[PDB]
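Counting convention: from 1, in listed order, for ligands and their atoms alike. Atoms considered below: every heavy atom in the structure, side chains included; atoms not considered: hydrogens, waters and symmetry mates. Letters A, B, ... mirror the listed sequences (proteins, then strands); counts begin at 1.
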Amino acid sequence: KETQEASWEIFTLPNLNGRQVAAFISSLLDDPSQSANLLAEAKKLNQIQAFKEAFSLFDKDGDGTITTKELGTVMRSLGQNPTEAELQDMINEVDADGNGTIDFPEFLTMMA
Amino acid sequence: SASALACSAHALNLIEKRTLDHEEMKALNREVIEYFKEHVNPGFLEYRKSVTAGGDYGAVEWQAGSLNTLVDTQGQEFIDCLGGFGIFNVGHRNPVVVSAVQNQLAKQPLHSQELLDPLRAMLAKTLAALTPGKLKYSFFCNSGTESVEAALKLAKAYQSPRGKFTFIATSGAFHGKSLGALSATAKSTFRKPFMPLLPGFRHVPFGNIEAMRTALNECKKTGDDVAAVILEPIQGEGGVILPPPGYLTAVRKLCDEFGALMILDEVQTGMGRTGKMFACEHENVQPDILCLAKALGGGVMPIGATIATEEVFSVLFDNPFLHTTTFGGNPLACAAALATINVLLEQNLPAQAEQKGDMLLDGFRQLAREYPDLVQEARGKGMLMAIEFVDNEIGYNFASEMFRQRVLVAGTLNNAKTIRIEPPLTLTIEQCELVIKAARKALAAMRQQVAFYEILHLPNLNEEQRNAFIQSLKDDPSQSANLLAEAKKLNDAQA
Amino acid sequence: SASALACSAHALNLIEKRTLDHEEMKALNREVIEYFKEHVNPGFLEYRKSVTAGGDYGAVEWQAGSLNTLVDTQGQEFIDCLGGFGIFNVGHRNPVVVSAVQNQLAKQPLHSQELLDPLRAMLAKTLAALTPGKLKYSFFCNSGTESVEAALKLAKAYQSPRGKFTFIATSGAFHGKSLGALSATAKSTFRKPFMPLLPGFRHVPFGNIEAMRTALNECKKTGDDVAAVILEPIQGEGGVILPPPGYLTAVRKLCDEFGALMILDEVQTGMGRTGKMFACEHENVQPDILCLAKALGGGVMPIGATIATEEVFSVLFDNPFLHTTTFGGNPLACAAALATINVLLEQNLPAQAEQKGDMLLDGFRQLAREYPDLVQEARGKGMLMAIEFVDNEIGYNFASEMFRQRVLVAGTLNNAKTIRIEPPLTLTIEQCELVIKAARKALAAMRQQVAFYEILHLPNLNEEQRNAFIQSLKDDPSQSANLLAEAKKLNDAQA
Ligand SMILES: [Ca+2]
Ligand SMILES: [Ca+2]
């Protein structure tokens, strides 16, 4: 009964395509016991996918990395007026690899 | 936790507020969920869970939006297709009714119970003018079940000196949950835990004139002559069950033949919902006793009314205290009722209910033939309608999907597969189209879902052949009914 | 004659009016008498005639004067010592209650019945804080009789799986007039015309612990084990009957011993009337089920509440629709109730009720010793009091004489010789003395009256000295005692 409710709750997640929801559905049919935890990490996974999307729309030139000006573009767009030094500090706080731009995870780390 | 004074003070502070910030909203929702869990009933929380998805089970009422909309504590607006199960016939906070209630509140809300209160006389006269035939005297109470209690007591006081004691009701009927009325109510689960109830109550199939004639004739043969027959003109909680044309006329003729009283329970069908002021006016049938409530309060006040002919009501003339009720006929309730009758007659809301009812039922029937996999049939009369589904789970998912689209619907107490549509008679045509479209999207989502399950239980296909089907279902959800077709088209070949 | 629309329109025109000219008043009083005669109950007209003299029987309510006064259609102001038989504990149109009701009216008067309504949770929490011991869960309805119905159904749902079905009530008790509650109510004339009622209801003398122990023990011996005992802490309708000290405690102990539930009916004694919030607090007794109504509405709304321990109330957790009611717990009624609890606690109206009650009962007892020819005894607790007279005619003339002095009093449903004094708890000391003085002039007029009749009926008297005797009786009332003696002094001397 609960394997089904899990099955539909994972199915209705807005930011997953068919292949992974199907894979998960397989994992859940084989294991009615590992449900709410599998369900949990699936939900989380949806969070990562949607985060990925929004992030992508924060990378104006689509080159997979975010610069101080792209940042700057969004910050200025949201009614703000950041300085070059402010943008550089923001990036420096999460720049794990010290290349001066923000990749995918580092952006997740900014959110965290 | 805290003292009663603190609790009351907090409650009044919250009554005086008109809007809530979100931390106010979250705190209040958390509070009401807690107090529902520990002081009202946790079962209700579980029920709404079964008719919602996620935190939708925890929507808290706040304020009426417009005539036909309700606004929760989060500002979400809902079109009300529930109408309080027939309460809000003239909409929410109807300006005329609110105005009358406000004026009489300025004057005097409750009566002394000793002196003559004028609005009781005015309302009794109005109801005498509004009811068919010889219905002349009115007794006022506060609820439908109380109105049915007064009806039963009138029948008993009239028929006991004539040697008649047994009452005939119908299966699937609902007449209230007070023990007297509960003896007439027919749903097993409502009655069994409180048996024994009143002696001499029998039930026959609804809409079956020969069964009822059989019951009356057998009761006469055995010396258990029937005092009264009680029925709804259309069974609300039974799933909006329509009797065959002429049934009410035949029941009246039968009661006249055996010398039994006819008690019509119009608590739900009354006040214009079925296209006329009372459902009994569809066949020009006058009962001996007529029961009213719900909509008679104009969606502002609680009220009930039991109207009877002078012939039967005269059993209370020698002793006017033989049947009373504490708050019955209070000036606030009477003001509400008079305002409601005025609104219904001036705007001809019964006829509107017939038109909008025909439109909504047309839409629902079209959706019914488009979705025979989910809908069994749609039925109704005026603005009292219902959609019966194939399962209870299906109708459950329908209620949930409609709630997600901010259209309010609910089930029926005696029918688990049926969802009622009982919107205000003031529902606009725009909102009619909106609710039809909402029903369409609901049924579409539900078809996708039932397809998604049925594809999972098919036995004759490998572990990865399903995953292609689920995948294609989710990221390309267009091959849907036809997709399910593909699934079985491989399952039956692989059988 | 006229259409329902015309009648309603006239009624709303009259709701909007605040005062009446003389000819509008005469027309309205004539109208209300007619419609009472032809559409409500003509018996009421005869009853009010039996408690009035002349056109006093035709006083029509109009508006609340102050907290403790009512104003009829002629502008006559009455001090309310009736209090709607225990409704107006916080006076008429209490500003706090009227304010809360108006605010919630501005938001939403009646709830959807589907979503969680917050004021029901708030009121349930408040009542849990306010009630003794483990009383925790509340069910809301619209009247006292409905509250008793819910109490009985809770007891049945709890005790039927344990093989217990019979209910014990007390003689002289009143618990409502719906058939379920009527099975517990004890007055013959209220019950006989509607028999058969619920099976397995028994009555024992009120205040007699050994009689009740006998009933429970015999019921156990014969296999008719008692499910619940229901009683008022003080019988209001029985004539304000006080049980011996410790009776309630002994009943609690007895129910604990036999495994029966204790249902306390505080519909009349509740909300501060007896000097404490609930009468059961005088002995610190917690029932299993507590019934509230009347005063819980603040004299503005109809409401009822059935509070129970989680142990008993849990019989509704698995199926929250097992017992419901159409309007129960609506936001307007809940707002009223919370306002009333706030007013009672903030102004400590229970203690005031004890003080003013002691004062009024002192006055009534003094008048009782001064008029033993008319008054048998005066009794009361807090502001629930009664005066029992020698006959019913005497108490009738008392009610009439108090009505002529514009002090409102009324009889008790189960006691024809008793007149109840149940004024608001907000009654001021000046009005207390005014009511005592009014009672004195009433009793004086009644004594002079009985003298006047006795002098009028002496057969051994010609017309001349009779005219002289009643002439003197009028011109010197204080000689009333002597001249009557003189009259018989002569009625014997020519026999
Ligand atoms: Ca970039
Ligand atoms: Ca980097």
Side-chain angles (χ1 to χ4, degrees), chain A residues 6-28 30-31 34-83 85-112, chain B residues 21-23 25-26 53-56 74-76 404-406 441 444-445 448 452 464 467-480 483:
Chain A
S7 306
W8 178 247
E9 189 174 291
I10 58 179
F11 185 83
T12 55
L13 278 249
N15 327 105
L16 277 76
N17 44 297
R19 304 174 175 178
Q20 22 289 109
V21 65
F24 279 79
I25 284 289
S26 292
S27 186
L28 272 115
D30 195 72
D31 282 291
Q34 291 279 4
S35 311
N37 304 100
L38 204 65
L39 168 71
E41 52 96 287
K43 247 164 158 65
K44 306 173 178 186
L45 175 60
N46 201 62
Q47 314 298 341
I48 291 104
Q49 294 338 89
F51 274 152
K52 290 211 140 232
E53 307 325 299
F55 189 39
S56 72
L57 188 46
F58 184 99
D59 175 13
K60 308 294 189 193
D61 64 7
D63 76 337
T65 83
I66 305 221
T67 66
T68 53
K69 299 103 319 213
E70 290 176 320
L71 293 216
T73 317
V74 170
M75 328 227 178
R76 291 184 273 283
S77 69
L78 41 81
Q80 289 294 305
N81 192 22
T83 65
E86 279 165 347
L87 301 161
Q88 279 182 302
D89 288 344
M90 281 180 82
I91 293 192
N92 173 76
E93 285 295 303
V94 296
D95 200 14
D97 64 352
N99 73 342
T101 61
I102 296 306
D103 31 20
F104 236 117
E106 287 176 347
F107 173 76
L108 295 169
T109 292
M110 283 183 68
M111 292 184 292
Chain B
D21 72 47
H22 169 288
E23 291 281 353
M25 172 277 289
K26 149 260 194 188
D56 271 355
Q74 309 177 56
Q76 301 178 126
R404 168 194 199 90
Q405 301 179 64
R406 315 310 179 197
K441 309 206 296 161
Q448 181 175 9
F452 169 70
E464 218 75 23
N467 312 146
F469 269 132
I470 297 315
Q471 168 219 290
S472 297
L473 193 31
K474 214 279 200 224
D475 3 12
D476 192 34
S478 316
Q479 5 159 237
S480 68
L483 196 300

Check your understanding: Taking 4.0 angstrom as the limit, do A:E41 and A:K44 come out as a salt bridge?
Key ->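 So A:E41 does not pair with A:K44 through a salt bridge.
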Review point. Does a sphere of radius 6.0 Å around NZ in B:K26 hold more than 12 heavy atoms from other residues, nucleotides or ligands, not counting ones at 6.0 Å or beyond?
Key: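 Atom NZ in B:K26 is crowded, with more than 12 foreign heavy atoms closer than 6.0 Å.
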Review point. If you draw a 6.0 Å radius around CE in A:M110, do more than 12 non-hydrogen atoms from other residues or ligands fall strictly inside?
Key: yes
Looking only at N, O or S atoms, find the one in [X] nearest to the Ca ion (ligand 1) and name it.
{"X": "A:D59", "result": "OD1"}
{"X": "A:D61", "result": "OD1"}
{"X": "A:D63", "result": "OD1"}

Exercise for review: Indicate the ring-plane relationship of B:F452 and A:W8, choosing parallel, tilted or perpendicular according to the 30° and 60° boundaries.
Suggested key: tilted
Practice item. Round to 10° and report the angle made at the Ca ion (ligand 1) by OE2 of A:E70 and O of A:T65. Key: 130°
Review point. Any N/O/S atom of A:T101 sitting less than 3.0 Å from the Ca ion (ligand 1), backbone or side chain?
Key: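 A:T101 does not place any N, O or S atom closer than 3.0 Å to the Ca ion (ligand 1).
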Practice item. Measure the CG-CZ distance between B:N467 and A:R19 for me, rounded to the nearest 0.5 Å. Key: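 B:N467 CG to A:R19 CZ: 12.5 Å, rounded to 0.5 Å.
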Exercise for review: Nearest 10° is fine: what angle sits at the Ca ion (ligand 2) between OD1 from A:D97 and OE1 from A:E106?
Suggested key: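 My answer is 130°, to the nearest 10°.
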Point to revise | Whether A:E9 side chain and A:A6 backbone form a donor-acceptor pair below 3.5 Å | key: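 Between the backbone of A:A6 and the side chain of A:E9 there is no qualifying donor-acceptor contact (under 3.5 Å).
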Review point. Name of the A:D95 N, O or S atom nearest the Ca ion (ligand 2)?
Key: OD1
